[PDB]
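The chain below stands alone, shown as structure tokens; this is the form deposited in one PDB entry.
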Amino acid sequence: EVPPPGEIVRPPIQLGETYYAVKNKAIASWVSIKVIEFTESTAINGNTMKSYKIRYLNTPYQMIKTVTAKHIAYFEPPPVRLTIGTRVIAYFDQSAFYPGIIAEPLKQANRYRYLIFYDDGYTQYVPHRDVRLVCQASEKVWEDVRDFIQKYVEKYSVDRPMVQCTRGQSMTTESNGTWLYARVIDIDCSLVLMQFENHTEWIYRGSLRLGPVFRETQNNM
């Protein structure tokens, strides 16, 4: 099921309704909540500010918190397909909803799956049924994630350096700030499965974490 294009609607948050919100750390998993209160503040200059008292669902004791609509996401998937730069939560396969940004829309070229650049740095092709929209849009969506996601979206180009690879080639690859020897063991459209030196990772073929991309990006700049 491929949704049609159209306007992305962000309906207001309704009291007593179920949503997803940050559990602990913002970059980490988002879980089921019920909005139990709506708070609003207005200053002399006229700038309003909205906050939400949320209650976590399925807990051992009552857990309540006050968050912003930027830390809440809808419970059901959008009725229309999403585009590059849209801030979402996507079901990552621990298996959970993690915050991210749409890096590729539904295309024939990617078998109609969104490429997700997760906040935590993980990347995955997720179907439309596994994404949820964050309740509040960000003008400069990088201000919400990290410095790569700024250059990717603000200085976006279809002509960005991407590695072209084949199962069995090797290249220097960055893992937790360390450049290591890694081997191409699988490829899935814009993603490449790199096996370090047991230790495997799906990395974006246009990532600076791959030695040849880094050089190519320095050579052009």
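Numbers follow the displayed sequence, beginning with 1.
Below, we turn to the form solved in complex with a partner chain, even though it does not appear here.
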**Study point:** All of 117, 176 and 201 with a heavy atom within 4.5 Å of the partner chain in the deposited bound form
**Key:** yes
Exercise for review: Name the stretch: of 120 to 128, 83 to 91, 105 to 113, 136 to 144, exactly one has residues whose heavy atoms fall within 4.5 Å of the partner chain in the deposited bound form.
Suggested key: 120 to 128
Check your understanding: Would residue 23 count as a contact of the partner chain in the deposited bound form, using a 4.5 angstroms cut-off between non-hydrogen atoms?
Key -> no
Review point. Hey, in the deposited bound form, is residue 13 touching the partner chain, heavy atoms inside 4.5 Å?
Key: no
